[PDB]
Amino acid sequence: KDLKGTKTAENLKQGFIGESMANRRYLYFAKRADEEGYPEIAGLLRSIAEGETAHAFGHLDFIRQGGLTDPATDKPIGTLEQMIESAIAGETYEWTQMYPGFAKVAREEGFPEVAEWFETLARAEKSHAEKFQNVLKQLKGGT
């Protein structure tokens, strides 16, 4: 049966989002355990984080094998070239819309240190977009 347009397609997407966050959160928590001298706690958080990597990648396998799109971009991710095109689309959204819009709202609401951070991130994602565009030109057979 086709996964397109099913509740299961949406559930694979939401599963991916949650697993992605769990890995990031557990590695961030491990640095607090590190500073305070809890190596066994830090090691458990890092080992469980590898479990959450495996879960995230398995969600993406069912997504890709089912012909579903990338949770982050709604672009196909069947081939390497499509994977780089998904990277470019996400970076482009972040520097041309998401982070400048967040920075404007942070300045309006009275949070200039947060706005400066969002402005730093917009410049970073613009750089990432350009580096991925240069890879895509080489994959397609150019300089």
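Numbering starts at 1 and follows the sequence shown.
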| request: Averaging only over Cα atoms, indicate whether 47-55 or 103-111 has the higher B-factor in the PDB entry. | output: 103-111
| query | What stretch has the higher average Cα B-factor here, 8-16 or 21-29? | reply | 8-16
| request: Name the residue from 94, 34, 116, 85 with the greatest C-alpha temperature factor listed in the entry. | output: 116
| task | State the tercile, meaning the lowest, middle or highest third, of residue 122 with respect to the CA B-factors recorded for its chain. | result | middle
| query | What third of its chain's C-alpha B-factors does residue 67 belong to: lowest, middle or highest? | reply | highest
